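Asker: My structure is in upload-v4.cif, and what it holds is mmCIF, C-alpha atoms and all ligand atoms:
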```cif
data_start
loop_
_atom_site.label_atom_id
_atom_site.label_comp_id
_atom_site.auth_asym_id
_atom_site.auth_seq_id
_atom_site.Cartn_x
_atom_site.Cartn_y
_atom_site.Cartn_z
CA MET A 1 -16.37 27.27 -71.42
CA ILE A 2 -16.55 25.43 -68.10
CA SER A 3 -16.39 27.06 -64.69
CA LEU A 4 -16.44 25.64 -61.15
CA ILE A 5 -18.08 27.49 -58.27
CA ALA A 6 -17.51 26.48 -54.65
CA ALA A 7 -17.15 27.61 -51.04
CA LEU A 8 -13.88 26.68 -49.32
CA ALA A 9 -12.91 26.77 -45.52
CA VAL A 10 -9.38 26.32 -44.06
CA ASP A 11 -8.22 22.69 -43.43
CA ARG A 12 -7.04 22.35 -39.79
CA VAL A 13 -6.56 19.49 -37.33
CA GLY A 14 -8.73 20.52 -34.32
CA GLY A 15 -11.19 22.58 -36.45
CA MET A 16 -14.97 22.09 -36.62
CA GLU A 17 -16.56 19.08 -38.25
CA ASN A 18 -17.70 19.92 -41.78
CA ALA A 19 -21.44 19.32 -41.04
CA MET A 20 -22.54 23.00 -41.01
CA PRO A 21 -19.76 25.32 -40.05
CA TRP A 22 -21.00 28.62 -41.47
CA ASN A 23 -24.07 30.54 -42.44
CA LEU A 24 -23.54 32.89 -45.33
CA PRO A 25 -26.47 34.35 -47.14
CA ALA A 26 -24.06 36.73 -48.87
CA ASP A 27 -22.33 33.70 -50.32
CA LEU A 28 -25.62 32.26 -51.58
CA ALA A 29 -26.38 35.65 -53.25
CA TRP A 30 -22.95 35.51 -55.00
CA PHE A 31 -23.72 31.93 -56.06
CA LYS A 32 -27.08 32.96 -57.47
CA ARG A 33 -25.77 35.99 -59.25
CA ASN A 34 -23.00 34.03 -60.92
CA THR A 35 -25.11 31.04 -61.90
CA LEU A 36 -28.34 32.54 -63.06
CA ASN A 37 -29.22 32.01 -66.73
CA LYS A 38 -26.35 29.52 -67.12
CA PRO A 39 -26.63 25.73 -67.08
CA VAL A 40 -25.65 24.19 -63.77
CA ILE A 41 -24.12 20.67 -63.53
CA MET A 42 -24.20 18.83 -60.22
CA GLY A 43 -23.85 15.38 -58.81
CA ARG A 44 -26.85 13.45 -57.40
CA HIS A 45 -25.88 14.08 -53.80
CA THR A 46 -25.61 17.81 -54.30
CA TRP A 47 -29.01 17.69 -56.03
CA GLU A 48 -30.55 15.85 -53.09
CA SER A 49 -28.99 18.35 -50.65
CA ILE A 50 -30.42 21.42 -52.45
CA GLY A 51 -33.75 19.61 -52.68
CA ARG A 52 -35.48 21.66 -55.37
CA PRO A 53 -34.45 22.97 -58.85
CA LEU A 54 -32.44 26.19 -58.89
CA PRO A 55 -34.76 28.61 -60.57
CA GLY A 56 -33.76 30.43 -63.80
CA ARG A 57 -31.13 27.92 -64.69
CA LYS A 58 -31.02 24.65 -66.65
CA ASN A 59 -30.35 22.03 -63.86
CA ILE A 60 -28.38 19.02 -65.07
CA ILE A 61 -27.85 16.13 -62.66
CA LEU A 62 -25.22 13.40 -63.02
CA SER A 63 -26.26 9.90 -61.91
CA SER A 64 -25.39 6.43 -63.09
CA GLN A 65 -29.05 5.47 -62.64
CA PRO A 66 -32.12 6.61 -64.36
CA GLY A 67 -33.53 9.93 -63.24
CA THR A 68 -36.20 10.21 -60.56
CA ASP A 69 -37.52 13.77 -60.96
CA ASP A 70 -38.92 15.29 -64.14
CA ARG A 71 -38.15 18.83 -63.01
CA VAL A 72 -34.46 18.50 -63.96
CA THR A 73 -32.30 16.97 -66.73
CA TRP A 74 -30.52 13.68 -65.89
CA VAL A 75 -27.29 12.53 -67.59
CA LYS A 76 -25.01 9.48 -67.09
CA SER A 77 -21.58 10.89 -67.93
CA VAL A 78 -19.48 14.00 -67.98
CA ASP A 79 -19.55 14.20 -71.78
CA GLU A 80 -23.34 13.84 -71.82
CA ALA A 81 -23.66 16.61 -69.22
CA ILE A 82 -21.61 18.97 -71.37
CA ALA A 83 -23.55 18.05 -74.56
CA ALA A 84 -26.88 18.73 -72.63
CA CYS A 85 -25.80 22.27 -72.13
CA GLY A 86 -25.66 23.01 -75.88
CA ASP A 87 -23.94 26.11 -77.18
CA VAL A 88 -23.64 28.51 -74.35
CA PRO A 89 -20.95 30.93 -73.20
CA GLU A 90 -20.46 29.41 -69.78
CA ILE A 91 -21.31 26.14 -68.01
CA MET A 92 -21.32 26.24 -64.21
CA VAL A 93 -20.31 23.10 -62.31
CA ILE A 94 -21.64 23.43 -58.78
CA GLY A 95 -20.45 20.30 -57.03
CA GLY A 96 -19.91 18.10 -55.22
CA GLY A 97 -16.42 16.82 -54.66
CA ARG A 98 -16.47 13.94 -57.19
CA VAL A 99 -17.97 16.22 -59.77
CA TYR A 100 -15.49 19.06 -59.21
CA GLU A 101 -12.65 16.54 -59.60
CA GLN A 102 -13.85 15.41 -62.97
CA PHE A 103 -14.40 18.89 -64.31
CA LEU A 104 -11.41 20.69 -63.00
CA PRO A 105 -9.09 19.66 -65.82
CA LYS A 106 -11.64 20.97 -68.28
CA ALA A 107 -12.30 24.30 -66.45
CA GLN A 108 -11.16 27.72 -67.49
CA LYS A 109 -12.52 29.64 -64.46
CA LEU A 110 -12.99 29.11 -60.67
CA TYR A 111 -15.41 31.13 -58.58
CA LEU A 112 -14.31 30.59 -55.00
CA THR A 113 -15.52 31.80 -51.66
CA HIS A 114 -12.70 31.55 -49.07
CA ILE A 115 -14.45 31.40 -45.72
CA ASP A 116 -12.49 32.23 -42.55
CA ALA A 117 -13.57 29.09 -40.67
CA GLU A 118 -11.26 26.18 -39.66
CA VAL A 119 -12.70 22.75 -40.46
CA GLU A 120 -10.89 19.44 -39.89
CA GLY A 121 -11.18 17.80 -43.40
CA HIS A 124 -14.65 18.64 -50.90
CA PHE A 125 -12.98 20.91 -53.46
CA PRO A 126 -9.87 19.57 -55.30
CA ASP A 127 -6.45 21.06 -54.75
CA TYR A 128 -5.55 23.36 -57.64
CA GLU A 129 -2.03 24.44 -58.65
CA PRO A 130 -1.78 28.12 -57.83
CA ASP A 131 0.79 28.57 -60.63
CA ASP A 132 -1.80 27.38 -63.19
CA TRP A 133 -4.42 29.93 -62.16
CA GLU A 134 -4.38 33.73 -62.18
CA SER A 135 -6.53 35.68 -59.76
CA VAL A 136 -8.66 38.24 -61.69
CA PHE A 137 -11.13 39.41 -59.02
CA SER A 138 -11.12 39.25 -55.26
CA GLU A 139 -13.02 41.00 -52.52
CA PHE A 140 -13.00 40.59 -48.78
CA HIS A 141 -16.06 41.02 -46.66
CA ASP A 142 -16.40 41.16 -42.85
CA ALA A 143 -18.88 39.09 -40.96
CA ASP A 144 -22.01 40.89 -40.09
CA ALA A 145 -25.39 40.35 -38.36
CA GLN A 146 -26.49 38.02 -41.16
CA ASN A 147 -23.21 36.35 -42.09
CA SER A 148 -21.41 34.33 -39.45
CA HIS A 149 -17.91 34.51 -40.83
CA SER A 150 -15.74 36.75 -42.94
CA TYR A 151 -15.24 35.62 -46.50
CA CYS A 152 -13.46 36.56 -49.65
CA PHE A 153 -14.90 36.06 -53.16
CA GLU A 154 -12.29 35.21 -55.78
CA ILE A 155 -12.40 34.54 -59.51
CA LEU A 156 -9.41 32.68 -60.99
CA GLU A 157 -8.76 32.10 -64.70
CA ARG A 158 -6.37 29.65 -66.23
CA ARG A 159 -2.86 31.20 -66.56
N1 LIG B 1 -20.03 29.75 -53.32
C1 LIG B 1 -20.69 28.66 -53.23
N2 LIG B 1 -21.59 28.64 -52.20
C2 LIG B 1 -22.39 27.61 -51.99
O1 LIG B 1 -23.10 27.60 -50.89
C3 LIG B 1 -22.38 26.56 -52.89
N3 LIG B 1 -23.19 25.49 -52.68
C4 LIG B 1 -23.22 24.63 -53.59
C5 LIG B 1 -24.18 23.47 -53.29
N4 LIG B 1 -25.28 23.85 -52.41
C6 LIG B 1 -26.28 24.77 -52.56
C7 LIG B 1 -27.30 24.85 -51.67
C8 LIG B 1 -28.43 25.71 -51.73
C9 LIG B 1 -28.49 26.70 -52.84
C10 LIG B 1 -29.55 27.73 -53.02
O2 LIG B 1 -30.58 27.64 -52.40
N5 LIG B 1 -29.43 28.84 -53.83
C11 LIG B 1 -30.40 29.86 -54.13
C12 LIG B 1 -30.00 31.24 -53.46
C13 LIG B 1 -30.56 31.96 -52.20
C14 LIG B 1 -30.64 33.52 -52.44
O3 LIG B 1 -29.63 34.35 -52.57
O4 LIG B 1 -31.82 34.00 -52.56
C15 LIG B 1 -30.31 30.14 -55.62
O5 LIG B 1 -31.25 30.61 -56.29
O6 LIG B 1 -29.17 30.01 -56.16
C16 LIG B 1 -27.44 26.63 -53.73
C17 LIG B 1 -26.36 25.70 -53.59
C18 LIG B 1 -22.28 24.68 -54.66
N6 LIG B 1 -21.36 25.63 -54.79
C19 LIG B 1 -21.41 26.63 -53.99
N7 LIG B 1 -20.68 27.72 -54.16
#
```
Would you write out, as C-alpha cells, the structure that this file holds?
Ligand SMILES: Nc1nc(=O)c2nc(CNc3ccc(C(=O)N[C@@H](CCC(=O)O)C(=O)O)cc3)cnc2[nH]1
Answerer:
Amino acid sequence: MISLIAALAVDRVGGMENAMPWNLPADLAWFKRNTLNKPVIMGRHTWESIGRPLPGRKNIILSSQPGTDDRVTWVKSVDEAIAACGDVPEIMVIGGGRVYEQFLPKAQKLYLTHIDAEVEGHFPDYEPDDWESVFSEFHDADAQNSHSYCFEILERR
C-alpha cells in the first residue's frame, strides 16, 4: 500500500512567504518514526533539498534524467518507482508537490502534520469525504518547536 506524508500550514493572503516558516524538530521525529524501514519515494527537488540519503530506508528518486548519485535508487516513472519497492507492506511518498499529486489517487493513507502557521500560497487538496481520520494529536509549541502542530493519520473511507 501507498502512503503520503507531509507537513501542511494554513493558506492565507497576508501570511508568511513559504521559504522557511517553521522549525519543528518534533515533526521531523514523527517523519522519521513513520518512514523508517519503509521505502521512501521522492522527486529530484526534494532529494536535492534533503541533501543526503535518509538512513535506514530505501531512497527512491524520480527524475526524467539519468541518476547522479550512487547512494540512492533512481527511477524514471511512477510505475517504476513502485516496482523498485518490491513486496512491502507500506510505501512512503515524501514529496514534493508534483510527486504527491501523482500518488494521491493511488494512496490509502495520509500522514499529515497541520502546523498553526499562516503562509500565503505544495500538498494537493484532498476530499475530506473520501478520507477518515484514524489518529490525531495536538501539541503545543515549546522551547524547541516554534509552532503548535497536530499529527493526523487519514485512511481512505
Ligand atoms: N511531516 C513531514 N515533515 C517534513 O518535514 C517533511 N519533509 C519532507 C521533505 N523534507 C525533509 C527534510 C529533511 C529530513 C530529515 O532530515 N529527516 C531525518 C530526521 C531528523 C531526526 O528526528 O533526527 C530522518 O532521519 O528522517 C526529512 C525530510 C517530506 N514530508 C514531510 N513530512
Asker: Using only C-alpha atoms, which protein or nucleic acid residues come within 8 Å of range 14-30 of chain A? Drop anything in the same chain fewer than 4 positions from it, and give the result as a list in words.
Answerer: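 Close residues of range 14-30 of chain A: residues 34, 113, 117, 118, 119, 120, 121, 146, 147, 148 and 149 of chain A.
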Asker: CA of residue 135 in chain A and CA of residue 156 in chain A, how far apart in Å?
Answerer: 4.3 Å
Asker: Pick from A:2, A:60, A:54, A:10: nearest to ligand LIG 1 (chain B), with only C-alpha atoms and all ligand atoms counted?
Answerer: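 Closest residue, counting only C-alpha atoms and all ligand atoms: A:54.
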Asker: May I ask for the distance between CA of residue 93 in chain A and CA of residue 13 in chain A, given in Å to one decimal place?
Answerer: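 Between CA of residue 93 in chain A and CA of residue 13 in chain A the gap is 28.7 Å.
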Asker: Select, from A:61, A:154, A:140, A:38, the residue with the minimum atom-to-atom distance to residue 88 in chain A, counting all atoms listed in the file.
Answerer: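 Among A:61, A:154, A:140, A:38, it is A:38 that comes nearest to residue 88 in chain A.
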Asker: Can you tell me, as a list in words, what residues are no more than 10 Å from residue 92 in chain A when counting only C-alpha atoms, ignoring any on the same chain fewer than 5 positions away?
Answerer: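 So the residues in contact are residues 1, 2, 3, 4, 5, 34, 35, 36, 38, 39, 40, 41, 42, 57, 59, 85, 107, 109, 110 and 111 of chain A.
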Asker: Would you mind reading off the distance between atom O2 of ligand LIG 1 (chain B) and CA of residue 62 in chain A, one decimal, in Å?
Answerer: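 These atoms are spaced 18.6 Å apart.
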Asker: Have a look at A:48, A:90, A:11, A:129 and name the one nearest to ligand LIG 1 (chain B); count only C-alpha atoms and all ligand atoms.
Answerer: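 Ranked by minimum distance to ligand LIG 1 (chain B), first place goes to A:48.
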Asker: Output file request: range 65-101 of chain A, with N, CA and C atoms, as a short mmCIF file (atom, residue, chain, number, x, y, z; two decimals), in the first residue's frame.
Answerer:
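This is the output file out25.cif:
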```
data_model
loop_
_atom_site.label_atom_id
_atom_site.label_comp_id
_atom_site.auth_asym_id
_atom_site.auth_seq_id
_atom_site.Cartn_x
_atom_site.Cartn_y
_atom_site.Cartn_z
N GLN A 65 15.92 12.16 -15.95
CA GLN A 65 17.26 12.06 -16.43
C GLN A 65 17.99 11.00 -15.72
N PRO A 66 19.12 10.60 -16.25
CA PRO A 66 19.82 9.54 -15.51
C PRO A 66 20.26 10.07 -14.09
N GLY A 67 20.39 9.08 -13.19
CA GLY A 67 20.81 9.40 -11.87
C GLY A 67 22.27 9.92 -11.76
N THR A 68 22.52 10.67 -10.69
CA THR A 68 23.74 11.36 -10.47
C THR A 68 24.25 11.15 -9.05
N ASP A 69 23.90 9.99 -8.42
CA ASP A 69 24.38 9.74 -7.07
C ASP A 69 24.15 8.28 -6.84
N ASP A 70 25.19 7.48 -6.55
CA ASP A 70 25.04 6.06 -6.45
C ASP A 70 24.53 5.62 -5.09
N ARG A 71 24.32 6.57 -4.17
CA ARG A 71 23.85 6.27 -2.84
C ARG A 71 22.35 5.95 -2.73
N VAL A 72 21.64 6.26 -3.81
CA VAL A 72 20.17 6.15 -3.88
C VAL A 72 19.82 5.43 -5.14
N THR A 73 18.53 5.03 -5.27
CA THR A 73 17.93 4.37 -6.43
C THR A 73 17.16 5.37 -7.29
N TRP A 74 17.47 5.41 -8.54
CA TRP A 74 16.87 6.42 -9.49
C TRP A 74 15.89 5.68 -10.40
N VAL A 75 14.72 6.26 -10.63
CA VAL A 75 13.66 5.73 -11.48
C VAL A 75 13.07 6.88 -12.29
N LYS A 76 12.47 6.51 -13.45
CA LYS A 76 12.02 7.48 -14.47
C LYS A 76 10.55 7.49 -14.59
N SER A 77 9.80 6.79 -13.73
CA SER A 77 8.32 6.92 -13.81
C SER A 77 7.70 6.51 -12.51
N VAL A 78 6.44 6.79 -12.28
CA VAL A 78 5.74 6.39 -11.12
C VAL A 78 5.67 4.86 -11.04
N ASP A 79 5.40 4.15 -12.15
CA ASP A 79 5.24 2.74 -12.09
C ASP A 79 6.61 2.10 -11.72
N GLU A 80 7.65 2.64 -12.31
CA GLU A 80 8.99 2.11 -12.00
C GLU A 80 9.35 2.35 -10.53
N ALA A 81 8.96 3.47 -9.97
CA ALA A 81 9.21 3.72 -8.54
C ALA A 81 8.55 2.74 -7.68
N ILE A 82 7.29 2.38 -8.00
CA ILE A 82 6.51 1.41 -7.21
C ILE A 82 7.17 0.03 -7.37
N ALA A 83 7.53 -0.35 -8.57
CA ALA A 83 8.11 -1.69 -8.82
C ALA A 83 9.43 -1.81 -8.06
N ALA A 84 10.21 -0.69 -7.96
CA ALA A 84 11.51 -0.68 -7.21
C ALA A 84 11.39 -0.95 -5.79
N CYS A 85 10.21 -0.75 -5.22
CA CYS A 85 9.94 -1.00 -3.84
C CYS A 85 9.75 -2.49 -3.54
N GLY A 86 9.37 -3.30 -4.54
CA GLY A 86 9.15 -4.72 -4.29
C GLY A 86 7.94 -4.93 -3.43
N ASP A 87 7.86 -6.09 -2.77
CA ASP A 87 6.77 -6.50 -1.97
C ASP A 87 6.98 -6.10 -0.55
N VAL A 88 6.49 -4.92 -0.17
CA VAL A 88 6.47 -4.45 1.13
C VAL A 88 5.08 -4.07 1.64
N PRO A 89 4.91 -3.89 2.93
CA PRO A 89 3.60 -3.55 3.45
C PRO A 89 3.18 -2.13 3.14
N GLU A 90 4.17 -1.23 3.02
CA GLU A 90 3.87 0.19 3.00
C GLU A 90 4.98 0.96 2.30
N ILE A 91 4.59 1.73 1.28
CA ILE A 91 5.49 2.62 0.55
C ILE A 91 5.19 4.01 1.01
N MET A 92 6.20 4.79 1.38
CA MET A 92 6.02 6.16 1.81
C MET A 92 6.41 7.18 0.73
N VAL A 93 5.51 8.01 0.25
CA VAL A 93 5.83 9.02 -0.70
C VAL A 93 6.00 10.33 0.05
N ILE A 94 7.15 10.92 -0.06
CA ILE A 94 7.58 12.01 0.84
C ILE A 94 7.58 13.36 0.15
N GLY A 95 7.27 13.45 -1.11
CA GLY A 95 7.18 14.76 -1.72
C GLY A 95 8.01 14.86 -2.97
N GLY A 96 7.97 15.99 -3.68
CA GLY A 96 7.28 17.18 -3.31
C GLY A 96 5.90 17.24 -3.93
N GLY A 97 5.51 18.47 -4.24
CA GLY A 97 4.16 18.71 -4.76
C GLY A 97 3.77 17.91 -5.99
N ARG A 98 4.62 17.90 -7.02
CA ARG A 98 4.33 17.12 -8.25
C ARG A 98 4.22 15.65 -7.99
N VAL A 99 5.07 15.19 -7.08
CA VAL A 99 5.05 13.77 -6.70
C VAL A 99 3.85 13.43 -5.86
N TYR A 100 3.51 14.18 -4.86
CA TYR A 100 2.24 13.97 -4.14
C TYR A 100 0.99 13.88 -5.03
N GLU A 101 0.95 14.84 -6.00
CA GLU A 101 -0.16 14.83 -6.97
C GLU A 101 -0.31 13.53 -7.71
#
```
